[PDB]
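Each remark here refers to the structure printed beneath this line.
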Amino acid sequence: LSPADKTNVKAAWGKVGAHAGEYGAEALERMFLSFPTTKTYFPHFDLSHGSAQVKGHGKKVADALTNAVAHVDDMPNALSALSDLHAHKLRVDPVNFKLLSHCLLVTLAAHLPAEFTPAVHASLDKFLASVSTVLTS
Amino acid sequence: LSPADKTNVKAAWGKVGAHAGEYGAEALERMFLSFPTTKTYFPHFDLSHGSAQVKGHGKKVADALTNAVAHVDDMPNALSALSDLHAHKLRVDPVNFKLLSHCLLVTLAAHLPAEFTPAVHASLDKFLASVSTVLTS
Amino acid sequence: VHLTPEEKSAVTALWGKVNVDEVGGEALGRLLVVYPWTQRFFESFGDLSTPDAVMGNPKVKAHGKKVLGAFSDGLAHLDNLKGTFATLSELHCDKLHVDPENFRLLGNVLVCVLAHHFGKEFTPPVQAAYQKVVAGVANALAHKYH
Amino acid sequence: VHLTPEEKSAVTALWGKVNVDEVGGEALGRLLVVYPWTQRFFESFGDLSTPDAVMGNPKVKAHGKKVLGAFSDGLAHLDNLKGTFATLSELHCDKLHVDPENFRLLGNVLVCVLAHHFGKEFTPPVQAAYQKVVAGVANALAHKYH
Ligand code: HEM
Ligand code: HEM
Ligand code: HEM
Ligand code: HEM
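Residue numbers (the deposited numbering), protein chains in the order written: chain A, 2 to 138; chain C, 2 to 138; chain B, 1 to 146; chain D, 1 to 146.
Structure (structure tokens):
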């Protein structure tokens with residue numbers, strides 16, 4: 002991430018605020034519906050619409066991204082326990098980080114049109130791919 | 002790369018030793034035959050079997066990998082000239098790094114029966130993906 | 001490969017509202033900005049050196065209109081996407097050597113553009129229907145590799 | 001998948017020498033070691049926590065024999081892979097929900113295993129023919145996603 006990418010991500014993700022749980026849950030729902038293969042990571046969840054488990058998990062995913070934005074120059078440290086969880090314990094397929102990242106971009110585009118310019122789209126894509134690299138390492 | 006990955010890569014590449022240039026050239030030949038779309042990046046090359054141009058280029062690729070192995074903790078710096086070349090000037094599709102990396106693994110498997118164990122295979126895969134990340138950044 | 005009536009309703013309800021003069025250029029432009037290696041295929045299009053240069057580039061807009069028209073043609077022939085895209089598959093695969101991963105990427109950029117334009121109307125179920133479509137288009141365009 | 005008679009002879013001559021009780025387990029084991037998310041589909045196989053646990057696991061070996069047998073059946077009819085993989089595609093896509101990228105990865109691991117076993121005999125042209133085969137198998141296994 003360049004300084005320009007970091008500036009773009011902080012501005013755009015700053016707009017999320019108290020919507021973190023709602024947007025995170027929406028991104029998860031987009032992923033589960035669009036790419037049903039990703040559901041094999043959540044057999045222990047109720048994944049139906051309006052699920053409280055998806056809502057609570059969506060807030061964790063979004064809050065983790067907020068912390069990553071706050072520590073964008075040292076994301077390996079900021080995501081280290083979650084890297085152990087995803088890469089070592091759960092063994093999440095790297096393809097699925099691409100799918101969730103796409104669904105996060107779709108959610109942000111649908112809720113923050115003015116912020117989702119082509120340049121900010123590119124910066125957010127790079128940010129999420131960087132997060133994904135840490136979580137798969 | 003974990004310390005175990007680095008240890009495995011340094012050990013395996015030590016066994017490659019002075020054969021690195023030959024293995025690089027063989028990997029390129031395998032790539033051009035198995036995935037002929039990759040030939041379009043080399044319009045000025047003779048790409049036939051035994052081409053001195055392919056041989057010479059494989060030795061350059063091998064030298065870069067040897068430098069990356071020697072500087073495995075600082076690969077963005079060690080490979081810095083190659084990122085601009087591959088990402089900006091040539092605009093090499095990221096998928097093609099996976100193709101060359103696979104052909105390098107095939108070449109190493111064909112020449113290093115004892116050293117290409119499952120664990121070392123895994124470490125070398127991560128190493129070549131790490132190199133690829135630098136060249137596409 | 002097959003859309004259910006719910007998925008077909010999702011796609012058709014939205015598609016009539018799509019600005020066919022603009023959305024293709026927006027998707028192609030964002031592809032070139034977000035995945036810059038794709039610019040290798042469009043050297044003849046001129047200035048692509050900045051996001052604003054790409055998005056304002058007349059050749060990007062004009063070509064995007066053709067790309068979207070092919071997507072529209074696929075939407076009119078969902079049960080024969082392979083035959084609808086056979087000539088384009090020969091062009092992209094045998095002639096241009098575009099790696100088919102990029103077909104997936106452009107389909108997903110188009111989905112982002114639809115979300116950006118339509119907001120809350122582009123619900124998760126509507127997106128899921130469009131993902132089946134763009135995956136079907138990508139597979140059809142890749143057929144000459146298969 | 002279409003091989004020329006020269007390519008077909010090369011592939012089949014090598015395949016006759018493949019140890020079908022071992023090579024499948026080696027390819028499957030290396031897939032589980034090199035790409036550990038694939039382990040999630042084989043939880044019932046027991047201990048997969050270290051490379052030696054995976055490579056020595058009797059269920060990995062036995063299952064790898066079945067995998068190799070399907071590659072063998074596919075080699076017998078490369079021009080109509082649907083004739084060997086139609087039901088296996090329903091299993092992997094509709095029932096197990098395996099991401100099809102992993103079909104490509106397993107095919108490439110199998111190519112690595114063949115190189116490991118055959119050394120200089122696994123020439124660039126022989127590899128190229130096998131790449132056509134494993135790409136066709138992966139594409140056939142993914143048919144129920146298309
Ligand atoms: C941007 C990428 C991601 C972020 C930031 C993220 C974040 C998180 C966090 C913070 C947790 C901890 C939950 C807790 O402690 O209660 C978690 C757990 C989990 N994640 Fe992710 N995740 C990401 C991608 C993925 C993907 C792509 C998958 C699979 C498709 C996945 C599967 C899971 C699962 C199965 C759990 C355990 C849930 C539970 O049992 O409570 N994650 N993730
Ligand atoms: C491990 C991955 C790779 C490494 C270490 C590598 C390394 C190199 C090196 C050292 C050079 C020469 C730099 C110079 O002479 O100034 C080079 C040039 C080049 N590479 Fe790569 N490369 C890699 C992957 C690829 C791939 C995947 C492609 C395309 C499929 C590619 C295409 C080229 C081309 C077209 C040139 C310029 C050739 C010429 O015009 O002389 N490289 N690379
Ligand atoms: C995935 C959906 C895609 C569709 C429906 C599509 C459709 C089209 C169409 C309709 C044409 C015009 C053909 C003609 O006028 O004869 C075209 C040309 C072209 N496409 Fe695509 N395309 C897609 C993806 C891509 C991608 C991902 C790339 C490269 C990254 C690409 C690169 C090109 C190029 C270079 C041309 C020729 C440009 C020219 O002649 O000026 N296409 N495509
Ligand atoms: C790409 C080449 C592949 C081939 C040729 C292949 C072949 C087979 C065959 C012949 C069976 C036995 C089916 C039966 O007895 O009904 C099977 C089952 C299975 N395969 Fe595959 N497979 C491939 C890839 C994969 C991959 C990549 C995965 C997971 C990452 C996978 C996971 C499974 C599982 C979980 C089963 C069921 C095992 C059980 O019953 O416990 N396969 N496969």
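The C-beta atom is built at its ideal place from N, Cα and C for all residues, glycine as well.
Please determine whether the Cβ atom of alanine 86 of chain B lies at a distance below 6 Å from any heavy atom of ligand 3.
With a threshold of 6 Å, the Cβ atom of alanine 86 of chain B does not count as near ligand 3, since no heavy atom of the ligand is closer than that.
Would you call the CB atoms of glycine 59 of chain C and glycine 25 of chain C closer than 7 Å?
Taking 7 Å as the cut-off, the Cβ atoms of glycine 59 of chain C and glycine 25 of chain C count as close.
Segment limits, alpha helix (DSSP H) that includes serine 3 of chain C:
That residue, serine 3 of chain C, is in no alpha helix (DSSP H); it is neither H nor E in DSSP.
DSSP three-state call for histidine 72 of chain A: helix, strand or coil?
Shown here, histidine 72 of chain A sits in coil according to DSSP, grouped into three states, outside any helix or strand.
Output yes if chain A places a C-beta closer than 7 Å to the C-beta of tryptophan 15 of chain D; else output no.
By this cut-off, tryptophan 15 of chain D is not an interface position.
The segment 14 to 27 of chain D / the segment 47 to 64 of chain D touching (three or more Cβ pairs under 8 Å):
In short, these stretches touch, since the Cβ pair count reaches three.
Any heavy atom of ligand 6 closer than 6 Å to the CB of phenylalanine 98 of chain A?
No copy of ligand 6 appears in this structure; the ligands present are ligand 1, ligand 2, ligand 3 and ligand 4.
On a CA-only basis, which of B:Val54, B:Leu110, B:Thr38 and B:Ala10 is nearest residue 147 of chain B? Give me that one, please.
One cannot answer for residue 147 of chain B here, as it falls past the ends of chain B, which runs 1 to 146.
Is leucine 29 of chain A near ligand 1, going by C-beta to nearest heavy atom under 6 Å?
Answer for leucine 29 of chain A: no, Cβ out of range of ligand 1.
Cutoff 7 Å: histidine 2 of chain D Cβ touching any chain B Cβ:
Taking Cβ atoms only, chain B never reaches closer than 7 Å to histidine 2 of chain D, which makes this a no.
Grab the span of the alpha helix (DSSP H) containing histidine 122 of chain A for me, first residue to last.
Segment 119 to 136, the alpha helix (DSSP H) holding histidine 122 of chain A.
Opening and closing residue of the alpha helix (DSSP H) in which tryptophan 37 of chain D lies
No alpha helix (DSSP H) contains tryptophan 37 of chain D, which DSSP labels as neither H nor E.
Which residues bound the alpha helix (DSSP H) around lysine 17 of chain B?
That residue, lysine 17 of chain B, is in no alpha helix (DSSP H); it is neither H nor E in DSSP.
Are the Cβ atoms of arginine 30 of chain B and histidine 122 of chain A separated by less than 7 Å?
At the C-beta level, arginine 30 of chain B and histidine 122 of chain A come within 7 Å of one another.
Which word fits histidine 117 of chain B, buried or exposed, when buried means at least 16 other C-beta atoms lie within 10 angstroms of its C-beta?
Classification for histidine 117 of chain B: buried.
State buried or exposed for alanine 12 of chain C, treating a residue as buried only when at least 16 other CB atoms are found within 10 Å of its CB.
By the neighbour-count rule (16 or more Cβ atoms within 10 Å), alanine 12 of chain C is not buried but exposed.
Kindly provide the chain-ordered list of residues whose Cβ lies closer than 7 Å to any non-hydrogen atom of ligand 4.
Per the Cβ criterion, the list is D:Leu31, D:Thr38, D:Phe41, D:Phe42, D:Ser44, D:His63, D:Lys66, D:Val67, D:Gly69, D:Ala70, D:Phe71, D:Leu88, D:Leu91, D:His92, D:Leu96, D:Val98, D:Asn102, D:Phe103, D:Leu105, D:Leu106, D:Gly107, D:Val137, D:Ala138 and D:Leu141.
Measuring only between beta-carbons, confirm whether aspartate 126 of chain A sits less than 7 Å from chain B.
Cβ-Cβ to chain B under 7 Å: yes for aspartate 126 of chain A.
Could I get the ranges of all uninterrupted alpha helix (DSSP H) runs contained in the segment 79 to 119 of chain D, with 4 residues as the minimum, in chain order?
DSSP runs (the alpha helix (DSSP H)) wholly in the segment 79 to 119 of chain D: 82 to 89 and 101 to 118.
By the criterion of Cβ-Cβ separation under 7 Å, what are the contact partners of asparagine 139 of chain B in chain D?
Within chain D, the residues near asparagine 139 of chain B are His146.
For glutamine 39 of chain D, decide whether its Cβ has a neighbour in chain A, counting only Cβ atoms nearer than 7 Å.
Yes, contact with chain A.
Contact set for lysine 61 of chain C: own chain, Cβ-Cβ below 8 Å, skip 5 residues either direction:
Cβ within range, chain order: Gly25.
Tell me where the alpha helix (DSSP H) around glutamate 23 of chain C begins and ends.
That run of the alpha helix (DSSP H) goes 21 to 35.
Please decide whether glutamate 101 of chain D counts as near chain A, where near means a Cβ-Cβ distance under 7 Å.
Yes, its Cβ sits closer than 7 Å to a Cβ of chain A.
Where the alpha helix (DSSP H) containing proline 51 of chain B begins and where it ends
Taken as a continuous stretch (DSSP letters only), the alpha helix (DSSP H) holding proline 51 of chain B covers 51 to 55.
What does a CB cutoff of less than 8 Å around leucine 80 of chain C pick up in its chain, not counting 5 residues either side in sequence?
Closer than 8 Å at the Cβ level, and outside the excluded window around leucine 80 of chain C, lie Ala65, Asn68, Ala69, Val132, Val135 and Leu136.
Which same chain residues, not among the five before or five after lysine 144 of chain B, have their C-beta less than 7 Å away from its C-beta?
Scanning its chain for C-beta atoms nearer than 7 Å, with the 5 sequence neighbours on each side dropped, one finds around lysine 144 of chain B the residues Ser89, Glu90, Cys93 and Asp94, in chain order.
So, with DSSP's three-state summary, where would you put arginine 30 of chain D?
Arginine 30 of chain D: helix per DSSP, three-state reduction.
Along chain D, in chain order, which residues have C-beta atoms closer than 7 Å to that of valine 96 of chain A?
Under the 7 Å cutoff, chain D gives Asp99 and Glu101.
Can you confirm whether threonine 134 of chain C, when its beta carbon is compared against all beta carbons of chain B, has any partner nearer than 7 Å?
Chain B contact via Cβ: absent.
Nonlocal neighbours in the same chain, by C-beta distance under 6 Å from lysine 132 of chain D, ignoring five residues either side
Cβ neighbours of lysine 132 of chain D beyond the five flanking positions: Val1.
For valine 126 of chain B, count the other beta carbons within 10 Å of its own beta carbon; 16 or more makes it buried, fewer makes it exposed. Which is it?
Answer is buried; the Cβ neighbour count reaches 16.
Is it the case that the Cβ atoms of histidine 97 of chain B and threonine 38 of chain C are separated by a distance below 7 Å?
Contact annotation: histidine 97 of chain B and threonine 38 of chain C have beta-carbon atoms nearer than 7 Å.
At a cut of 8 Å, does the segment 14 to 22 of chain C reach the segment 95 to 105 of chain A through at least three beta carbon pairs?
Output reads no: the segment 95 to 105 of chain A does not touch the segment 14 to 22 of chain C.
List, in order along the chain, the chain A residues whose C-beta lies closer than 8 Å to that of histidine 116 of chain B?
Those within 8 Å of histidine 116 of chain B in chain A are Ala110, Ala111, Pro114 and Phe117.
Contact under 7 Å by Cβ, residue 153 of chain B with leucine 32 of chain B
Summary: the structure shown does not reach residue 153 of chain B, with chain B confined to residues 1 through 146, and so no result is reported for it.
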